[PDB]
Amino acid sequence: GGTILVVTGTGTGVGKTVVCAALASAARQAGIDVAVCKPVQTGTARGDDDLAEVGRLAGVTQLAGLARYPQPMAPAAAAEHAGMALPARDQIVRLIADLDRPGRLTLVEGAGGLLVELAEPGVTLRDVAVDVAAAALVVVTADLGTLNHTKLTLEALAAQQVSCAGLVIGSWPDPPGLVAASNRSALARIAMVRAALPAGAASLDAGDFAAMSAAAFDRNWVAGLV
């Protein structure tokens, strides 16, 4: 196989998707073939599509998914509102397994935090990471409360021997300020900060996003991912 990376986060809306796109772009620019799998998409009525965002910002074509729920809720509540079950655990695991190949960086996005229900019954992105032997990139804020949430998310990963690939700060404010700076220094002491995406980067055009993305990660750490 190749390298599988779940991109989780301390919660909903911390920037997992733009981080997938940003790492996908950096990898592709280093000559690494990239796949992204978002098994369950929600909020489709209002037009949410995290896979399309990655395809537009990073140019990935291998973009796999299984389920789309109209309501902008967590997967399990959106499926309960729609009256239709989430996908099954095997379905997601096999989909990621079949995307995987040597020379390929395969990224996997769930929804919200590490423990939100992703399949029936009650199976999480952690269970998926364990099943496909993926390591975990953890996207965090630099804002109030981030150390507590980052530490809780790391404990849950380590509890099932899901390896921490590093942290990414999903949105790095400009100018930093005293809180963001202070918080970044402290996260830097509990795990490697692989990147800090500048605030608003999800709305750049693909040229700027690629340039921004290649400056955001360390060229050698990306190269060695596969």
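We call the rigid core whatever largest set of C-alpha positions still superposes within 1.5 Å between the two forms. Numbering starts at 1 and follows the sequence shown.
Enquirer: Fitting on the rigid core only, I'd like to know which of the two stretches, 115-123 or 150-158, ends up farther away in Cα terms in 8 other deposited structures of this protein.
Expert: When 115-123 and 150-158 are compared in 8 other deposited structures of this protein, the bigger C-alpha shift is seen for 115-123.
Enquirer: Once you work out the mean C-alpha B-factor for both 74-82 and 105-113 from the entry, which is higher?
Expert: On average, C-alpha B-factors are higher across 74-82.
Enquirer: Is the mean CA B factor in the deposited entry higher across 13-21 or across 206-214?
Expert: That would be 206-214.
Enquirer: Can you tell me which of 158, 188, 37, 196 has the highest Cα temperature factor in the record?
Expert: The listed residue with the largest C-alpha B-factor is 188.
Enquirer: Sort the modelled residues of this chain by their C-alpha B factor and say whether residue 3 lands in the lowest, middle or highest third.
Expert: Residue 3: CA B-factor falls in the middle third of its chain.
Enquirer: Ordered by C-alpha B-factor within the chain, which third holds residue 94? Give me lowest, middle or highest, please.
Expert: It belongs to the highest third of the chain when residues are ordered by C-alpha B-factor.
Enquirer: Among the modelled residues of its chain, does the C-alpha B-factor of residue 175 lie in the lowest, middle or highest third?
Expert: As the PDB entry reports it, the C-alpha B-factor of residue 175 lands in the highest third of its chain.
Enquirer: Rank-wise, by C-alpha B-factor, drop residue 55 into the lowest, middle or highest third of its chain.
Expert: For residue 55, whose C-alpha B-factor we compare with every modelled residue in the chain, the answer is the lowest third.
Enquirer: Which third, lowest, middle or highest, does the CA B-factor of residue 119 fall in along this chain?
Expert: According to the entry, residue 119 has a C-alpha B-factor in the chain's highest third.
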